[PDB]
Amino acid sequence: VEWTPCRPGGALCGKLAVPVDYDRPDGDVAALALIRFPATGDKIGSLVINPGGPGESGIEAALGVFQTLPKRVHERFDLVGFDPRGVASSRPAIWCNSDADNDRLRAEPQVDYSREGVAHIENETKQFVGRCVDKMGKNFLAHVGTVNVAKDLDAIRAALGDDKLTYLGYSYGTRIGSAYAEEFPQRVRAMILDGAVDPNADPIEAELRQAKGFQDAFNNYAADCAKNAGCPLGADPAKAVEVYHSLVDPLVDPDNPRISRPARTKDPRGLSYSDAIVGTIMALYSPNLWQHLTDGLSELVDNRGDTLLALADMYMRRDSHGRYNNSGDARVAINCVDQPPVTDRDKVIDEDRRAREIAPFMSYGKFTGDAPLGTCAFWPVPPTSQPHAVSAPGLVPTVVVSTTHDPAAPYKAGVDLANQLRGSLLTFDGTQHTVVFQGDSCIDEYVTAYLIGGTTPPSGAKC
């Protein structure tokens with residue numbers, strides 16, 4: 001890696017060639033993008049981070065993390081972020097949808113699960129899968145999975161000149177983590193995994209646990225908002241879900257589920273039902289976004305949807321000029337190869353029935369008896385990994401940070417990951433997704449002592 005100054009720090013950027021196929025090590029070649037924030041004091045090595053997604057830029061994430069990085073950490077480590085294969089500035093980047101493709105989907109209510117509804121959705125999905133293939137070719141898509149990301153990470157480890165890896169993983173970055181840990185356990189110096197993905201989980205039970213997370217986060221937000229003046233969801237939190245549906249269901253034509261009646265916005269699109277739901281989910285990632293959610297809901301009372309639309313844009317990575325990054329398309333590609341998709345329709349139908357019961361705030365109308373299959377059931381290349389209990393006997397003790405009411409990565413996922421890893425579980429008491437290097441003194445001290453000293457939190461450490 002020949003470094004070079006970036007395009008906001010002492011930042012150096014560079015690129016690193018890895019092979020697309022690792023069995024064809026002289027075949028097609030991908031170029032990963034890297035950012036580097038040189039340590040200020042005495043350098044132990046590099047702290048490599050991943051934000052998750054998948055499809056999220058690590059370069060982008062390092063620039064944020066740099067802002068909230070404890071002084072001692074910044075002294076002891078080069079902060080290093082990378083864009084994984086197919087993601088953001090890495091070439092080739094995964095691309096399936098155009099900006100117009102994305103907008104067209106987001107305009108739909110996406111709520112009709114009748115036979116005709118399921119056929120419509122399942123048709124847009126096929127068109128999507130076809131767009132991925134035509135633009136990427138099946139070979140590249142076959143090799144975008146985490147198992148190969150893990151191999152690139154070691155190539156990264158070596159190119160940065162560290163003998164052993166120091167790694168901070170967030171959310172899906174957690175799966176990159178346990179993967180690298182299983183393949184190169186003897187190359188791991190230290191590892192923090194925050195907001196855990198449990199690779200031994202059943203995907204349907206996981207998704208349902210996630211539904212339950214967001215409903216429970218919904219409940220927490222609403223209870224909190226009810227203490228406040230003019231709560232758009234009302235002063236009785238036991239009726240918040242009903243009030244919420246009185247605000248969002250009018251965005252769907254009651255005589256016809258496929259017709260958007262968007263709330264007015266200064267943006268030309270207005271606010272569809274599906275955008276409304278996506279904005280809500282986005283806001284429930286963090287209590288920091290609750291104010292915005294409340295604003296959006298209050299706008300809905302006056303038939304306006306500007307804040308919810310902006311929340312949905314934040315989630316979908318659509319900038320002010322209507323442009324998308326490739327996080328969405330990459331997200332799908334990578335998720336589809338990391339595990340075998342649910343292909344049994346009865347399973348998908350029964351999941352739907354349960355989810356409406358578990359997360360009503362998210363569900364529109366009644367169970368129909370039909371449900372679409374997910375994009376992955378149509379993937380033209382097979383998975384390159386599969387659910388299993390993480391096993392890395394030789395691994396150094398690691399830290400898993402799990403938040404008690406994390407909607408995206410539920411607390412018990414993090415416990416389970418810790419156990420398979422036989423590392424330390426650091427608990428955060430909150431309703432948010434991830435927490436490391438995000439302002440909390442306690443968490444950050446624990447993480448700093450582990451990263452520098454090698455010191456794990458005591459059993460039962462809460463924060």
# chains A, B, ... in the order shown; residues from 1 in each chain; ligands from 1
>>> residues_around(residues="segment 188-191 of chain A", least_positions_apart="4", cutoff="9 Å", atoms="only C-alpha atoms", output="list in words")
residues 163, 164, 165, 166, 167, 168, 169, 177, 180, 181, 184, 395, 396, 397, 398, 399, 400, 450, 451 and 454 of chain A
>>> residues_around(residues="segment 294-301 of chain A", least_positions_apart="4", cutoff="8 Å", atoms="only C-alpha atoms", output="count of residues only")
12
>>> select_by_dssp(residues="segment 97-200 of chain A", states="helix (DSSP H, G or I)", output="mmCIF file with N, CA, C and O atoms, in the first residue's frame")
data_model
loop_
_atom_site.group_PDB
_atom_site.id
_atom_site.type_symbol
_atom_site.label_atom_id
_atom_site.label_comp_id
_atom_site.auth_asym_id
_atom_site.auth_seq_id
_atom_site.Cartn_x
_atom_site.Cartn_y
_atom_site.Cartn_z
ATOM 1 N N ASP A 99 -30.979 5.167 -9.219
ATOM 2 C CA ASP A 99 -31.683 6.072 -8.334
ATOM 3 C C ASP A 99 -33.199 6.063 -8.590
ATOM 4 O O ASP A 99 -33.992 6.229 -7.665
ATOM 5 N N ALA A 100 -33.608 5.872 -9.841
ATOM 6 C CA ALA A 100 -35.028 5.881 -10.164
ATOM 7 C C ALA A 100 -35.712 4.566 -9.745
ATOM 8 O O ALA A 100 -36.867 4.580 -9.283
ATOM 9 N N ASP A 101 -35.001 3.446 -9.908
ATOM 10 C CA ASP A 101 -35.453 2.151 -9.405
ATOM 11 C C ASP A 101 -35.800 2.232 -7.919
ATOM 12 O O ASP A 101 -36.839 1.728 -7.467
ATOM 13 N N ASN A 102 -34.915 2.875 -7.157
ATOM 14 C CA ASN A 102 -35.091 2.928 -5.719
ATOM 15 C C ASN A 102 -36.308 3.758 -5.353
ATOM 16 O O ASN A 102 -37.151 3.294 -4.583
ATOM 17 N N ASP A 103 -36.406 4.959 -5.928
ATOM 18 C CA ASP A 103 -37.536 5.858 -5.705
ATOM 19 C C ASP A 103 -38.869 5.195 -6.041
ATOM 20 O O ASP A 103 -39.869 5.371 -5.343
ATOM 21 N N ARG A 104 -38.888 4.424 -7.119
ATOM 22 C CA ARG A 104 -40.132 3.799 -7.548
ATOM 23 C C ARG A 104 -40.613 2.782 -6.541
ATOM 24 O O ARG A 104 -41.819 2.679 -6.285
ATOM 25 N N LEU A 105 -39.683 2.040 -5.948
ATOM 26 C CA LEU A 105 -40.077 1.109 -4.900
ATOM 27 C C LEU A 105 -40.605 1.863 -3.683
ATOM 28 O O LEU A 105 -41.688 1.583 -3.185
ATOM 29 N N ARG A 106 -39.840 2.844 -3.232
ATOM 30 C CA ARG A 106 -40.192 3.600 -2.046
ATOM 31 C C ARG A 106 -41.532 4.377 -2.144
ATOM 32 O O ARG A 106 -42.165 4.655 -1.125
ATOM 33 N N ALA A 107 -41.971 4.700 -3.359
ATOM 34 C CA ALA A 107 -43.282 5.317 -3.577
ATOM 35 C C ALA A 107 -44.457 4.363 -3.273
ATOM 36 O O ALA A 107 -45.547 4.820 -2.910
ATOM 37 N N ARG A 115 -52.626 -12.437 -3.030
ATOM 38 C CA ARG A 115 -51.932 -13.120 -4.122
ATOM 39 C C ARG A 115 -51.422 -12.150 -5.187
ATOM 40 O O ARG A 115 -50.261 -12.246 -5.615
ATOM 41 N N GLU A 116 -52.248 -11.198 -5.597
ATOM 42 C CA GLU A 116 -51.760 -10.243 -6.578
ATOM 43 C C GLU A 116 -50.609 -9.374 -6.014
ATOM 44 O O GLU A 116 -49.607 -9.124 -6.694
ATOM 45 N N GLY A 117 -50.757 -8.931 -4.767
ATOM 46 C CA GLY A 117 -49.700 -8.207 -4.108
ATOM 47 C C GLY A 117 -48.401 -9.005 -4.047
ATOM 48 O O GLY A 117 -47.333 -8.482 -4.396
ATOM 49 N N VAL A 118 -48.479 -10.269 -3.617
ATOM 50 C CA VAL A 118 -47.265 -11.078 -3.499
ATOM 51 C C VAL A 118 -46.611 -11.304 -4.867
ATOM 52 O O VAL A 118 -45.388 -11.317 -4.990
ATOM 53 N N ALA A 119 -47.429 -11.456 -5.900
ATOM 54 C CA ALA A 119 -46.897 -11.643 -7.244
ATOM 55 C C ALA A 119 -46.209 -10.355 -7.724
ATOM 56 O O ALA A 119 -45.147 -10.404 -8.359
ATOM 57 N N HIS A 120 -46.799 -9.202 -7.410
ATOM 58 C CA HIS A 120 -46.180 -7.935 -7.794
ATOM 59 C C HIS A 120 -44.801 -7.785 -7.123
ATOM 60 O O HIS A 120 -43.792 -7.541 -7.787
ATOM 61 N N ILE A 121 -44.765 -7.938 -5.805
ATOM 62 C CA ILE A 121 -43.503 -7.823 -5.073
ATOM 63 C C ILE A 121 -42.477 -8.829 -5.568
ATOM 64 O O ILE A 121 -41.281 -8.512 -5.706
ATOM 65 N N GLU A 122 -42.944 -10.037 -5.851
ATOM 66 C CA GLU A 122 -42.016 -11.090 -6.235
ATOM 67 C C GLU A 122 -41.533 -10.866 -7.648
ATOM 68 O O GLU A 122 -40.526 -11.424 -8.078
ATOM 69 N N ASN A 123 -42.230 -10.007 -8.370
ATOM 70 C CA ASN A 123 -41.806 -9.659 -9.708
ATOM 71 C C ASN A 123 -40.752 -8.558 -9.728
ATOM 72 O O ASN A 123 -39.849 -8.581 -10.565
ATOM 73 N N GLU A 124 -40.875 -7.592 -8.813
ATOM 74 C CA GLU A 124 -39.880 -6.525 -8.679
ATOM 75 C C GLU A 124 -38.566 -7.095 -8.180
ATOM 76 O O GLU A 124 -37.490 -6.614 -8.520
ATOM 77 N N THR A 125 -38.676 -8.123 -7.354
ATOM 78 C CA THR A 125 -37.518 -8.794 -6.821
ATOM 79 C C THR A 125 -36.739 -9.519 -7.907
ATOM 80 O O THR A 125 -35.519 -9.388 -7.993
ATOM 81 N N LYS A 126 -37.448 -10.283 -8.735
ATOM 82 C CA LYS A 126 -36.815 -10.934 -9.875
ATOM 83 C C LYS A 126 -36.119 -9.903 -10.771
ATOM 84 O O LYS A 126 -34.990 -10.117 -11.210
ATOM 85 N N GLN A 127 -36.778 -8.775 -11.025
ATOM 86 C CA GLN A 127 -36.180 -7.719 -11.852
ATOM 87 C C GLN A 127 -34.928 -7.169 -11.213
ATOM 88 O O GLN A 127 -33.972 -6.796 -11.903
ATOM 89 N N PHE A 128 -34.934 -7.123 -9.887
ATOM 90 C CA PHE A 128 -33.772 -6.651 -9.147
ATOM 91 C C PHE A 128 -32.605 -7.637 -9.303
ATOM 92 O O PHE A 128 -31.489 -7.257 -9.689
ATOM 93 N N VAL A 129 -32.873 -8.903 -9.004
ATOM 94 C CA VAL A 129 -31.839 -9.915 -9.077
ATOM 95 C C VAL A 129 -31.199 -9.898 -10.461
ATOM 96 O O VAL A 129 -29.972 -9.923 -10.583
ATOM 97 N N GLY A 130 -32.035 -9.796 -11.497
ATOM 98 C CA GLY A 130 -31.560 -9.666 -12.864
ATOM 99 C C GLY A 130 -30.690 -8.436 -13.114
ATOM 100 O O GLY A 130 -29.740 -8.504 -13.905
ATOM 101 N N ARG A 131 -31.002 -7.315 -12.455
ATOM 102 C CA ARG A 131 -30.189 -6.096 -12.612
ATOM 103 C C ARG A 131 -28.803 -6.258 -11.963
ATOM 104 O O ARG A 131 -27.805 -5.776 -12.499
ATOM 105 N N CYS A 132 -28.742 -6.961 -10.834
ATOM 106 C CA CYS A 132 -27.462 -7.274 -10.197
ATOM 107 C C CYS A 132 -26.564 -8.108 -11.105
ATOM 108 O O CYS A 132 -25.373 -7.820 -11.265
ATOM 109 N N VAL A 133 -27.136 -9.166 -11.673
ATOM 110 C CA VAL A 133 -26.383 -10.040 -12.561
ATOM 111 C C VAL A 133 -25.861 -9.283 -13.785
ATOM 112 O O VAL A 133 -24.671 -9.369 -14.097
ATOM 113 N N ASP A 134 -26.725 -8.520 -14.458
ATOM 114 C CA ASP A 134 -26.320 -7.859 -15.701
ATOM 115 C C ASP A 134 -25.211 -6.840 -15.489
ATOM 116 O O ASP A 134 -24.394 -6.612 -16.383
ATOM 117 N N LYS A 135 -25.174 -6.229 -14.307
ATOM 118 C CA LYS A 135 -24.184 -5.203 -14.028
ATOM 119 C C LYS A 135 -22.919 -5.751 -13.354
ATOM 120 O O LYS A 135 -21.850 -5.159 -13.486
ATOM 121 N N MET A 136 -23.027 -6.874 -12.647
ATOM 122 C CA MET A 136 -21.905 -7.370 -11.841
ATOM 123 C C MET A 136 -21.309 -8.680 -12.345
ATOM 124 O O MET A 136 -20.140 -8.980 -12.105
ATOM 125 N N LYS A 138 -22.026 -12.986 -12.459
ATOM 126 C CA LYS A 138 -22.256 -13.880 -11.341
ATOM 127 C C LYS A 138 -20.988 -14.209 -10.562
ATOM 128 O O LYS A 138 -21.064 -14.485 -9.366
ATOM 129 N N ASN A 139 -19.826 -14.163 -11.206
ATOM 130 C CA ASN A 139 -18.587 -14.486 -10.503
ATOM 131 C C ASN A 139 -18.311 -13.542 -9.317
ATOM 132 O O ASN A 139 -18.055 -13.994 -8.194
ATOM 133 N N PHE A 140 -18.373 -12.240 -9.560
ATOM 134 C CA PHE A 140 -18.112 -11.272 -8.498
ATOM 135 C C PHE A 140 -19.102 -11.440 -7.348
ATOM 136 O O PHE A 140 -18.715 -11.515 -6.181
ATOM 137 N N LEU A 141 -20.380 -11.526 -7.691
ATOM 138 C CA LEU A 141 -21.434 -11.710 -6.700
ATOM 139 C C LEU A 141 -21.248 -12.979 -5.884
ATOM 140 O O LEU A 141 -21.739 -13.083 -4.759
ATOM 141 N N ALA A 142 -20.560 -13.954 -6.457
ATOM 142 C CA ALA A 142 -20.384 -15.224 -5.780
ATOM 143 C C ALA A 142 -19.359 -15.090 -4.664
ATOM 144 O O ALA A 142 -19.292 -15.917 -3.751
ATOM 145 N N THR A 146 -18.861 -12.594 3.498
ATOM 146 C CA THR A 146 -18.033 -12.348 4.666
ATOM 147 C C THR A 146 -16.812 -13.285 4.756
ATOM 148 O O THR A 146 -15.726 -12.870 5.183
ATOM 149 N N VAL A 147 -16.982 -14.534 4.337
ATOM 150 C CA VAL A 147 -15.900 -15.506 4.403
ATOM 151 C C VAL A 147 -14.670 -15.007 3.620
ATOM 152 O O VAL A 147 -13.525 -15.259 4.006
ATOM 153 N N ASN A 148 -14.910 -14.261 2.545
ATOM 154 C CA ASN A 148 -13.831 -13.688 1.753
ATOM 155 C C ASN A 148 -13.427 -12.326 2.268
ATOM 156 O O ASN A 148 -12.297 -11.880 2.036
ATOM 157 N N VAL A 149 -14.351 -11.657 2.958
ATOM 158 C CA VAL A 149 -14.045 -10.374 3.580
ATOM 159 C C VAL A 149 -13.020 -10.651 4.683
ATOM 160 O O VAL A 149 -12.027 -9.929 4.825
ATOM 161 N N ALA A 150 -13.257 -11.736 5.421
ATOM 162 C CA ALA A 150 -12.341 -12.222 6.458
ATOM 163 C C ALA A 150 -10.926 -12.419 5.927
ATOM 164 O O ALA A 150 -9.953 -12.062 6.587
ATOM 165 N N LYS A 151 -10.818 -12.985 4.730
ATOM 166 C CA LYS A 151 -9.520 -13.210 4.114
ATOM 167 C C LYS A 151 -8.880 -11.880 3.710
ATOM 168 O O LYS A 151 -7.674 -11.696 3.861
ATOM 169 N N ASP A 152 -9.683 -10.938 3.219
ATOM 170 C CA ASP A 152 -9.145 -9.630 2.868
ATOM 171 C C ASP A 152 -8.619 -8.909 4.120
ATOM 172 O O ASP A 152 -7.676 -8.111 4.054
ATOM 173 N N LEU A 153 -9.253 -9.178 5.254
ATOM 174 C CA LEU A 153 -8.926 -8.484 6.489
ATOM 175 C C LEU A 153 -7.532 -8.875 6.932
ATOM 176 O O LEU A 153 -6.782 -8.074 7.498
ATOM 177 N N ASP A 154 -7.184 -10.126 6.655
ATOM 178 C CA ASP A 154 -5.865 -10.603 6.991
ATOM 179 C C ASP A 154 -4.843 -9.991 6.042
ATOM 180 O O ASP A 154 -3.746 -9.610 6.471
ATOM 181 N N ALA A 155 -5.208 -9.876 4.764
ATOM 182 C CA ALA A 155 -4.348 -9.194 3.805
ATOM 183 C C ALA A 155 -4.145 -7.743 4.227
ATOM 184 O O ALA A 155 -3.064 -7.179 4.047
ATOM 185 N N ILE A 156 -5.191 -7.152 4.791
ATOM 186 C CA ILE A 156 -5.137 -5.799 5.327
ATOM 187 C C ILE A 156 -4.206 -5.739 6.532
ATOM 188 O O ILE A 156 -3.305 -4.902 6.593
ATOM 189 N N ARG A 157 -4.449 -6.635 7.489
ATOM 190 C CA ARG A 157 -3.610 -6.812 8.676
ATOM 191 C C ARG A 157 -2.128 -6.783 8.317
ATOM 192 O O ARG A 157 -1.345 -6.021 8.895
ATOM 193 N N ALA A 158 -1.770 -7.603 7.330
ATOM 194 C CA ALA A 158 -0.401 -7.711 6.859
ATOM 195 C C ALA A 158 0.058 -6.439 6.155
ATOM 196 O O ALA A 158 1.182 -6.001 6.360
ATOM 197 N N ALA A 159 -0.793 -5.836 5.332
ATOM 198 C CA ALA A 159 -0.365 -4.655 4.587
ATOM 199 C C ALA A 159 -0.141 -3.466 5.518
ATOM 200 O O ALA A 159 0.607 -2.544 5.187
ATOM 201 N N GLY A 173 -20.486 -5.908 11.456
ATOM 202 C CA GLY A 173 -19.030 -5.961 11.605
ATOM 203 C C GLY A 173 -18.641 -7.052 12.592
ATOM 204 O O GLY A 173 -17.537 -7.604 12.588
ATOM 205 N N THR A 174 -19.602 -7.364 13.440
ATOM 206 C CA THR A 174 -19.505 -8.432 14.409
ATOM 207 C C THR A 174 -19.355 -9.825 13.773
ATOM 208 O O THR A 174 -18.668 -10.697 14.316
ATOM 209 N N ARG A 175 -19.986 -10.021 12.615
ATOM 210 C CA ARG A 175 -19.931 -11.303 11.920
ATOM 211 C C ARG A 175 -18.608 -11.406 11.170
ATOM 212 O O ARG A 175 -18.000 -12.477 11.139
ATOM 213 N N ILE A 176 -18.165 -10.299 10.568
ATOM 214 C CA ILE A 176 -16.814 -10.243 10.021
ATOM 215 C C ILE A 176 -15.834 -10.656 11.119
ATOM 216 O O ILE A 176 -14.912 -11.440 10.878
ATOM 217 N N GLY A 177 -16.070 -10.147 12.330
ATOM 218 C CA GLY A 177 -15.236 -10.437 13.478
ATOM 219 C C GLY A 177 -15.102 -11.915 13.807
ATOM 220 O O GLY A 177 -13.990 -12.462 13.803
ATOM 221 N N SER A 178 -16.228 -12.570 14.088
ATOM 222 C CA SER A 178 -16.191 -13.981 14.468
ATOM 223 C C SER A 178 -15.675 -14.833 13.318
ATOM 224 O O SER A 178 -15.107 -15.900 13.536
ATOM 225 N N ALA A 179 -15.850 -14.349 12.095
ATOM 226 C CA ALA A 179 -15.373 -15.085 10.929
ATOM 227 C C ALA A 179 -13.860 -15.062 10.899
ATOM 228 O O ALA A 179 -13.227 -16.108 10.778
ATOM 229 N N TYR A 180 -13.290 -13.862 11.013
ATOM 230 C CA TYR A 180 -11.842 -13.702 11.025
ATOM 231 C C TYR A 180 -11.255 -14.471 12.195
ATOM 232 O O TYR A 180 -10.186 -15.067 12.083
ATOM 233 N N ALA A 181 -11.968 -14.448 13.312
ATOM 234 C CA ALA A 181 -11.559 -15.168 14.506
ATOM 235 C C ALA A 181 -11.520 -16.687 14.281
ATOM 236 O O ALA A 181 -10.697 -17.383 14.869
ATOM 237 N N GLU A 182 -12.409 -17.213 13.446
ATOM 238 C CA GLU A 182 -12.426 -18.653 13.236
ATOM 239 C C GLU A 182 -11.373 -19.096 12.231
ATOM 240 O O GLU A 182 -10.887 -20.220 12.296
ATOM 241 N N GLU A 183 -11.001 -18.207 11.321
ATOM 242 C CA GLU A 183 -10.033 -18.551 10.303
ATOM 243 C C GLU A 183 -8.600 -18.172 10.674
ATOM 244 O O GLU A 183 -7.662 -18.897 10.344
ATOM 245 N N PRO A 185 -7.441 -17.324 14.150
ATOM 246 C CA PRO A 185 -7.469 -17.051 15.601
ATOM 247 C C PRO A 185 -6.111 -16.623 16.162
ATOM 248 O O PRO A 185 -6.032 -15.848 17.112
ATOM 249 N N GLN A 186 -5.043 -17.109 15.547
ATOM 250 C CA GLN A 186 -3.698 -16.836 16.028
ATOM 251 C C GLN A 186 -3.176 -15.490 15.523
ATOM 252 O O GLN A 186 -2.017 -15.131 15.762
ATOM 253 N N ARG A 187 -4.022 -14.750 14.817
ATOM 254 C CA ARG A 187 -3.602 -13.457 14.289
ATOM 255 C C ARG A 187 -4.409 -12.320 14.906
ATOM 256 O O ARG A 187 -4.324 -11.172 14.465
#
>>> closest_residue(among="A:243, A:94, A:29, A:371", to="residue 346 of chain A", atoms="only C-alpha atoms")
A:371
>>> residues_around(residues="residue 444 of chain A", least_positions_apart="3", cutoff="10 Å", atoms="only C-alpha atoms", output="PDB file with N, CA, C and O atoms, in the first residue's frame")
ATOM      1  N   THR A  68     -14.745  10.918  18.057  1.00  0.00           N
ATOM      2  CA  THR A  68     -15.151  10.532  19.415  1.00  0.00           C
ATOM      3  C   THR A  68     -14.206   9.479  19.997  1.00  0.00           C
ATOM      4  O   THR A  68     -14.539   8.764  20.941  1.00  0.00           O
ATOM      5  N   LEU A  69     -13.019   9.410  19.410  1.00  0.00           N
ATOM      6  CA  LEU A  69     -11.984   8.456  19.781  1.00  0.00           C
ATOM      7  C   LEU A  69     -11.256   8.940  21.025  1.00  0.00           C
ATOM      8  O   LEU A  69     -10.710  10.034  21.016  1.00  0.00           O
ATOM      9  N   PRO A  70     -11.248   8.137  22.101  1.00  0.00           N
ATOM     10  CA  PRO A  70     -10.547   8.525  23.336  1.00  0.00           C
ATOM     11  C   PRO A  70      -9.108   8.897  23.053  1.00  0.00           C
ATOM     12  O   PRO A  70      -8.500   8.283  22.167  1.00  0.00           O
ATOM     13  N   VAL A  73      -6.485   6.084  23.136  1.00  0.00           N
ATOM     14  CA  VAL A  73      -6.587   5.238  21.945  1.00  0.00           C
ATOM     15  C   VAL A  73      -5.938   5.882  20.725  1.00  0.00           C
ATOM     16  O   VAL A  73      -5.181   5.243  20.007  1.00  0.00           O
ATOM     17  N   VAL A 435     -22.918   1.318  20.826  1.00  0.00           N
ATOM     18  CA  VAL A 435     -22.675   2.301  21.866  1.00  0.00           C
ATOM     19  C   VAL A 435     -21.183   2.627  22.014  1.00  0.00           C
ATOM     20  O   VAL A 435     -20.827   3.694  22.496  1.00  0.00           O
ATOM     21  N   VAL A 436     -20.311   1.730  21.569  1.00  0.00           N
ATOM     22  CA  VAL A 436     -18.885   1.958  21.744  1.00  0.00           C
ATOM     23  C   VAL A 436     -18.449   3.210  20.968  1.00  0.00           C
ATOM     24  O   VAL A 436     -18.919   3.455  19.846  1.00  0.00           O
ATOM     25  N   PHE A 437     -17.577   4.005  21.600  1.00  0.00           N
ATOM     26  CA  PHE A 437     -17.102   5.303  21.095  1.00  0.00           C
ATOM     27  C   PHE A 437     -18.215   6.247  20.691  1.00  0.00           C
ATOM     28  O   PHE A 437     -18.093   6.958  19.711  1.00  0.00           O
ATOM     29  N   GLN A 438     -19.301   6.252  21.448  1.00  0.00           N
ATOM     30  CA  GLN A 438     -20.428   7.117  21.140  1.00  0.00           C
ATOM     31  C   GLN A 438     -20.825   7.916  22.369  1.00  0.00           C
ATOM     32  O   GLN A 438     -22.011   8.017  22.686  1.00  0.00           O
ATOM     33  N   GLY A 439     -19.832   8.461  23.075  1.00  0.00           N
ATOM     34  CA  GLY A 439     -20.101   9.329  24.204  1.00  0.00           C
ATOM     35  C   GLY A 439     -20.140   8.765  25.624  1.00  0.00           C
ATOM     36  O   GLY A 439     -20.012   9.537  26.575  1.00  0.00           O
ATOM     37  N   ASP A 440     -20.319   7.458  25.801  1.00  0.00           N
ATOM     38  CA  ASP A 440     -20.476   6.927  27.159  1.00  0.00           C
ATOM     39  C   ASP A 440     -19.125   6.633  27.825  1.00  0.00           C
ATOM     40  O   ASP A 440     -18.361   5.772  27.360  1.00  0.00           O
ATOM     41  N   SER A 441     -18.856   7.353  28.917  1.00  0.00           N
ATOM     42  CA  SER A 441     -17.558   7.343  29.588  1.00  0.00           C
ATOM     43  C   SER A 441     -17.184   5.920  29.969  1.00  0.00           C
ATOM     44  O   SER A 441     -16.120   5.424  29.613  1.00  0.00           O
ATOM     45  N   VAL A 447     -13.315  -0.203  27.155  1.00  0.00           N
ATOM     46  CA  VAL A 447     -12.832  -0.541  25.836  1.00  0.00           C
ATOM     47  C   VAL A 447     -11.379  -0.085  25.693  1.00  0.00           C
ATOM     48  O   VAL A 447     -10.560  -0.771  25.086  1.00  0.00           O
ATOM     49  N   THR A 448     -11.051   1.057  26.293  1.00  0.00           N
ATOM     50  CA  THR A 448      -9.688   1.590  26.207  1.00  0.00           C
ATOM     51  C   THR A 448      -8.695   0.724  26.966  1.00  0.00           C
ATOM     52  O   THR A 448      -7.604   0.444  26.470  1.00  0.00           O
ATOM     53  N   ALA A 449      -9.087   0.277  28.155  1.00  0.00           N
ATOM     54  CA  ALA A 449      -8.218  -0.570  28.969  1.00  0.00           C
ATOM     55  C   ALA A 449      -7.978  -1.929  28.297  1.00  0.00           C
ATOM     56  O   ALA A 449      -6.861  -2.458  28.314  1.00  0.00           O
ATOM     57  N   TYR A 450      -9.020  -2.479  27.677  1.00  0.00           N
ATOM     58  CA  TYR A 450      -8.871  -3.730  26.963  1.00  0.00           C
ATOM     59  C   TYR A 450      -7.954  -3.553  25.748  1.00  0.00           C
ATOM     60  O   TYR A 450      -7.039  -4.336  25.517  1.00  0.00           O
ATOM     61  N   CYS A 463     -23.035  -1.021  32.475  1.00  0.00           N
ATOM     62  CA  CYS A 463     -22.563   0.328  32.188  1.00  0.00           C
ATOM     63  C   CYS A 463     -23.659   1.251  31.643  1.00  0.00           C
ATOM     64  O   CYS A 463     -24.831   0.855  31.571  1.00  0.00           O
TER      65      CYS A 463
END
>>> closest_residue(among="A:196, A:79, A:358, A:88", to="residue 426 of chain A", atoms="only C-alpha atoms")
A:196
>>> residues_around(residues="residue 377 of chain A", least_positions_apart="4", cutoff="9 Å", atoms="only C-alpha atoms", output="list in words")
residues 336, 340, 341, 342, 343, 344 and 373 of chain A
>>> select_by_dssp(residues="segment 224-454 of chain A", states="strand (DSSP E)", output="JSON, numbers by chain")
{"A": [399, 400, 401, 402, 403, 424, 425, 426, 427, 428]}
>>> residues_around(residues="residue 388 of chain A", least_positions_apart="5", cutoff="8 Å", atoms="only C-alpha atoms", output="list in words")
residues 199, 200 and 201 of chain A
>>> write_last_selection(atoms="C-alpha atoms", output="PDB file, in the first residue's frame")
ATOM      1  CA  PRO A 199     -24.035 -16.830  13.372  1.00  0.00           C
ATOM      2  CA  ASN A 200     -25.627 -19.926  14.937  1.00  0.00           C
ATOM      3  CA  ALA A 201     -29.065 -18.383  14.865  1.00  0.00           C
TER       4      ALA A 201
END
>>> residues_around(residues="residue 221 of chain A", least_positions_apart="6", cutoff="9 Å", atoms="only C-alpha atoms", output="PyMOL selection string")
chain A and resi 284+287+290+431
>>> write_last_selection(atoms="N, CA, C and O atoms", output="PDB file, in the first residue's frame")
ATOM      1  N   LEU A 284     -35.639   4.609  15.713  1.00  0.00           N
ATOM      2  CA  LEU A 284     -35.533   3.688  16.836  1.00  0.00           C
ATOM      3  C   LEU A 284     -34.177   3.014  16.903  1.00  0.00           C
ATOM      4  O   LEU A 284     -33.991   2.089  17.669  1.00  0.00           O
ATOM      5  N   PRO A 287     -32.015   6.912  20.786  1.00  0.00           N
ATOM      6  CA  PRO A 287     -32.816   7.908  21.518  1.00  0.00           C
ATOM      7  C   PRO A 287     -32.498   9.310  21.027  1.00  0.00           C
ATOM      8  O   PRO A 287     -33.368  10.167  21.076  1.00  0.00           O
ATOM      9  N   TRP A 290     -35.183  10.216  18.607  1.00  0.00           N
ATOM     10  CA  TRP A 290     -36.553  10.308  19.125  1.00  0.00           C
ATOM     11  C   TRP A 290     -37.218  11.682  18.906  1.00  0.00           C
ATOM     12  O   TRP A 290     -38.393  11.761  18.533  1.00  0.00           O
ATOM     13  N   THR A 431     -31.734   1.705  25.108  1.00  0.00           N
ATOM     14  CA  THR A 431     -32.578   1.371  23.979  1.00  0.00           C
ATOM     15  C   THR A 431     -31.938   1.943  22.729  1.00  0.00           C
ATOM     16  O   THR A 431     -32.367   2.961  22.210  1.00  0.00           O
TER      17      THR A 431
END
>>> closest_residue(among="A:62, A:49, A:334, A:18", to="residue 379 of chain A", atoms="only C-alpha atoms")
A:334
>>> residues_around(residues="segment 361-367 of chain A", least_positions_apart="4", cutoff="9 Å", atoms="only C-alpha atoms", output="ChimeraX atom specification")
/A:111-113,211,214-215,218,240-242,244-245,249,277,281,352-353,355-357,371
